[PDB]
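*Asks:*
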Amino acid sequence: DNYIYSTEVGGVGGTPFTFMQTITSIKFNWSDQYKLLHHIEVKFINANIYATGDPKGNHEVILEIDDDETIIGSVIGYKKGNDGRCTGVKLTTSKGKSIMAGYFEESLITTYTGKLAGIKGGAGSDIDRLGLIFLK
Amino acid sequence: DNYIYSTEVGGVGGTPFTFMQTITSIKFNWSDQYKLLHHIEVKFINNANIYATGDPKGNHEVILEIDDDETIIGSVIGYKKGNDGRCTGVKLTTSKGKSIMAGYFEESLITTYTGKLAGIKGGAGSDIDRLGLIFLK
Amino acid sequence: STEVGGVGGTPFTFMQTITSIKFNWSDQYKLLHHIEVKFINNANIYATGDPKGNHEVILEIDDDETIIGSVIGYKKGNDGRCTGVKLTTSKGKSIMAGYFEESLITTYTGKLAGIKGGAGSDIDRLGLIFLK
Amino acid sequence: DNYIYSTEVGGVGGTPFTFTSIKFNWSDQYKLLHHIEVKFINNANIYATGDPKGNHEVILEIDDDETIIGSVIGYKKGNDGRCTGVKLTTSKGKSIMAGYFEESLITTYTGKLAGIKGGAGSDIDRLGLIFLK
Amino acid sequence: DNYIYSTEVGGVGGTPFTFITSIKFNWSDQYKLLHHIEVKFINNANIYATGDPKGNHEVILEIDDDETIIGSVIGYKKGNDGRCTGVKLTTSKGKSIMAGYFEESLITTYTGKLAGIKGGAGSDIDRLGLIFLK
Amino acid sequence: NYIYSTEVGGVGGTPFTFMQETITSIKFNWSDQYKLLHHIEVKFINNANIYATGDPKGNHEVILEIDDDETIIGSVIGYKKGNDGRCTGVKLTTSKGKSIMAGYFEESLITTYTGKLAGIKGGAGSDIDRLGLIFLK
Amino acid sequence: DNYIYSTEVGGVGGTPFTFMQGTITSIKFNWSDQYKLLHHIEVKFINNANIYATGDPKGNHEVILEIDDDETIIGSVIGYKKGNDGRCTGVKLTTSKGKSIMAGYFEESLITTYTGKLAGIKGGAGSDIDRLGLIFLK
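Chains as they are written, first to last, in the authors' numbering: chain G, 5 to 25, 29 to 52, 54 to 144; chain C, 5 to 25, 29 to 144; chain F, 10 to 25, 29 to 144; chain A, 5 to 23, 31 to 144; chain D, 5 to 23, 30 to 144; chain B, 6 to 26, 29 to 144; chain E, 5 to 25, 28 to 144.
In structure tokens:
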């Protein structure tokens, strides 16, 4: 209520997370071996790293977000089903910044857009499930 | 009406549906095995209900979330024509450069009316037999 | 617009602006075979020709949407036939029907108001009609 | 005049001519223009010239307020020359392409297409466009 | 004087020249050079030609009264024994021509209202420069 | 005043911090043999001094000169993650269409904050172990 | 000064040059496919008929960029080999009127220079262009 919840995509498994009250940094860890996201970290506008998942993947990417910078384009790749996983994230900002993490070989959601305020989902070894959260 | 009805394309078969109350989420399920749409889900502004139809047996899906102020500016449905017909693909593009592509387009096409996507309508069984979009004015 | 194609088939003229148009065509004959049209504030399907072709395309036109680009492919001569239509709208919508292996007209442009021509088995001849 | 006369390109042969719609006839067999027709604003007459023996034609209809912004004629140069192709593009993104461009080219003046001029027999020997000012 | 002279590019050979609403270039596939140029001027029906028009191709660019050159490249062989091999021009109205070849040297010239040409030719165009307003 | 981008790469090498209370020249040295940054130099407005760090043993370098009024609008650092990590590449693009590419991007990336490039900070030995940029506000 | 001095890139060798006066109105670059270096540069200036050359024009390629009086450089890259032993290997320039040249090669080091009205050059040349810097104005 005064936040927009994007559909969490991927499986029912892993341990729940919800990170909120905006985002100033987000990092994604992924593997070439499993072609999944494994681990996410978030910082806020608050010096603590809010992490989740196991950072066992051979790649990472970080997007730093200026205070006034919104997300204008966002795609999450995922395997659908109870047994599902998140496999990739593309984001593009109101300033022409973009990141690409992991793979997009199965299902996609083109999310809502706005000021990236938090994330929510389940993670174990892998990121089972991810949803973004925006302002209003 | 207060609504613009796109021609429903595909076959006469399956069970009829109409979803209305604007659309804030839509998902399309499709198969590489059958090369059809099989299942559609829709959510609406200020209403937590998932309105589904068809059998979600396909190996792929795509979800488009629509911002409150976001209109559809380009829309194409692929389909097999005739009574025995099926809807095979959807491309949509929004007023914010968001776009989805579901399934296949190697037979017939409709380039639909455009505006604020308000509902869908059609028939579905195992497959999406027939699909029409509905827009505001 | 100049009606292009042959002298044959049965004449048609559809008028009242156009809100929907459909084209049927074949890979076997590489012609248009059949056209349908709907009009604003009128639920009637005005058809013509034999819809025996394996493909069709439908373009829906918003009330305020004009045609900005239009090409008809055709075989010229008395025994001629209309073979293809490309249309592009003032809102980036476009359709492509059938084939363009012989002759072409780039038509006048504006609000698509009607069509006119002759059709039997095939669309023998087609011309568009525009506004003010 | 109060007109711009583009250089007529192609040969000296055929019979001279000087004239909202234009049509070009051409052949895959000879790779030339053979025949042109022109219709005028507020005048229902077809002004033709040349022999329409070619297997292709194209028609460009020009809206009243529509100018030509890009124009190329392909031709064989010399007394024995022939006009072989026309590309035209309008102020509304309409374009036609007639026949072939395997030898010489002129990029013509541009504006409101007012007439044509040239010589034609079996083939279009020679063609020039005429624009306003 | 009240003219801007682009560098004449190509060789020392051929006969010197000095001469816009029309320009034509003749060239050969056999020699890959310009061989001959013609020019017409506003309010003057004369063809000002130079060089031997023995090449199998030509192109003509007509320039509207108010139309300037906004991009211009001349291809040439450098050195005393040099030759001018090509011209690309683009106008303030999106017209463009391409004449001949560009497989050795290039100059990107000054831009403006194309006012004249200058340079030496015989069988081939040995050397060419454009001239603009000031 | 200043905005500190996350320093990416390893914990190793000797710490550095360059600022002058903005950057007008920056140079990056890298190797095809090690596929790392090895050395960085920075000059500042109204100060002739070269502030270097790292061992310039690499076979390539690039220099970006920044006009006084010119901001960075796009910036990516490639790096190997982990304690034994290294910085491997820098792409920068300016408010005047100027851009450099230094070294390699075969592992991890940060798309940094943007603004008037004011300083750098990190650790370097043989290699640039770790790099963060610093901007105004 | 009234002038902006780009870093001179390339080697210490060759004979020094400095070309300045109005601003640059023509510049030419000679280069070789055999050595993949610049070998020779010429410059002309506004209101001055003098051809200011330097280096040995032994290379199989050249390009000339003419600069209109009011035309600035908006993009500029010099390729070079770094070190005392070094040489300048290429120049890309792009103007405020969509003109561009590309001379020689960019297989080793690059500088993306300051931009503005190209007023002069400076460097060292022998057989090859050893070293080049551009000079601009505020």
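Built from N, CA and C at the ideal position, the CB exists for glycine as well.
For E72(C), return the contacting residues in chain G, with the cut-off set at a CB-CB distance below 8 Å.
*Replies:* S10, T11, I117, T118, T119, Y120
*Asks:* Please name the residues in the segment 96–111 of chain G whose beta-carbon is closer than 8 Å to at least one beta-carbon of chain B, in chain order.
*Replies:* Result list: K103, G104, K105, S106, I107.
*Asks:* Under 8 Å, Cβ to Cβ, is there at least one residue of chain D near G81(A)?
*Replies:* The beta carbon of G81(A) sits closer than 8 Å to some beta carbon of chain D.
*Asks:* At 9 Å on the CB atoms, spell out the chain G contacts of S38(C), in chain order.
*Replies:* Ordered by position in chain G, no residue passes the 9 Å Cβ test against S38(C), which lies about 13 Å from the chain.
*Asks:* Where in the segment 41–83 of chain E do unbroken runs of the alpha helix (DSSP H), each at least 4 residues long, occur, reported from the N-terminal end onward?
*Replies:* Counting whole runs of 4 or more residues, the segment 41–83 of chain E contains no alpha helix (DSSP H) stretch at all.
*Asks:* For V69(C), which residues in chain G fall below 9 Å Cβ to Cβ?
*Replies:* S115, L116, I117, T118
*Asks:* Could you say if the segment 56–72 of chain G and the segment 109–118 of chain B meet the contact criterion of at least three C-beta pairs nearer than 8 Å?
*Replies:* yes
*Asks:* Residues of chain F with a CB under 7 Å from the CB of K88(C): which are they?
*Replies:* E68
*Asks:* Would you say the segment 32–44 of chain A touches the segment 85–98 of chain A, given that touching needs at least three Cβ pairs under 8 Å?
*Replies:* Enough Cβ pairs lie closer than 8 Å, so yes.
*Asks:* Look at the Cβ atom of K34(D), then the Cβ atom of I52(D), and state whether they are nearer than 8 Å.
*Replies:* no
*Asks:* Are the C-beta atoms of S32(E) and some chain D residue less than 8 Å apart?
*Replies:* yes
*Asks:* What do you get for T19(A), buried or exposed, if any count of 16 or more other CB atoms within 10 angstroms of its CB means buried?
*Replies:* Exposed.
*Asks:* For the segment 101–113 of chain A and the segment 130–137 of chain F, state whether three or more C-beta atom pairs, one from each stretch, are separated by less than 8 Å.
*Replies:* no
*Asks:* Following the continuous beta strand (DSSP E) through residue 151(D), name the residue where it begins and the one where it ends.
*Replies:* Only positions 5 to 144 of chain D appear in the structure, and residue 151(D) is not among them; the question remains open.
*Asks:* Could you compute how far the alpha carbon of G126(F) sits from the alpha carbon of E12(F)?
*Replies:* 12 Å
*Asks:* Are the CB atoms of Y7(A) and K144(A) within a distance shorter than 8 Å?
*Replies:* Yes; because the gap between Cβ atoms is below 8 Å, this pair is in contact.
*Asks:* Could you give the DSSP three-state label for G126(B): helix, strand or coil?
*Replies:* Reduced to three states, the DSSP call for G126(B) is strand.
*Asks:* Whole angstroms are fine: how far does the CA of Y9(A) sit from the CA of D75(D)?
*Replies:* 13 Å
*Asks:* Out of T121(D), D136(D), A109(D), point me to the one whose CA is closest to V16(D)'s CA.
*Replies:* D136(D)
*Asks:* Report the three-state DSSP secondary structure of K87(G) (helix, strand or coil).
*Replies:* strand
*Asks:* Could you check if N36(C) is buried or exposed, using at least 16 other CB atoms within 10 Å of its CB as the buried criterion?
*Replies:* With a 10 Å radius around the Cβ and a threshold of 16 neighbouring Cβ atoms, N36(C) comes out buried.
*Asks:* Report the CB separation of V49(D) from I30(D) in whole angstroms; it is logged as a contact under 8 Å.
*Replies:* 6 Å
*Asks:* Assuming the contact rule is C-beta atoms closer than 8 Å, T78(D) and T121(D) should be a hit. Round their C-beta distance to whole Å, please.
*Replies:* 7 Å
*Asks:* Can you tell which of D134(A), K105(A), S82(A), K88(A) has its C-alpha closest to the C-alpha of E113(A)?
*Replies:* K88(A)
*Asks:* Give the DSSP-derived three-state secondary structure of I8(G) in the structure shown.
*Replies:* strand
*Asks:* Is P20(D) helix, strand or coil when you go by DSSP?
*Replies:* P20(D) falls in the coil class under three-state DSSP.
*Asks:* Where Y111(C) and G110(F) are concerned, what is the direct C-alpha to C-alpha distance, given to the nearest angstrom?
*Replies:* Approximately 19 Å, taken between the alpha carbons.
*Asks:* According to DSSP, is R93(B) helix, strand or coil?
*Replies:* strand
*Asks:* So if DSSP puts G14(E) in a beta bridge, which residue, or which two residues, is it bridged to?
*Replies:* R137(E)
*Asks:* Where does the unbroken beta strand (DSSP E) through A109(D) begin, and where does it stop?
*Replies:* 106–110
*Asks:* Where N54(B) and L140(B) are concerned, what is the direct C-alpha to C-alpha distance, given to the nearest angstrom?
*Replies:* 19 Å
*Asks:* Measure the Cβ-Cβ separation of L138(A) and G65(A) and say whether it is below 8 Å.
*Replies:* In this structure, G65(A) does not lie closer than 8 Å to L138(A) by Cβ.
*Asks:* Are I84(B) and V97(B) touching if we call contact CB-CB under 8 Å?
*Replies:* yes
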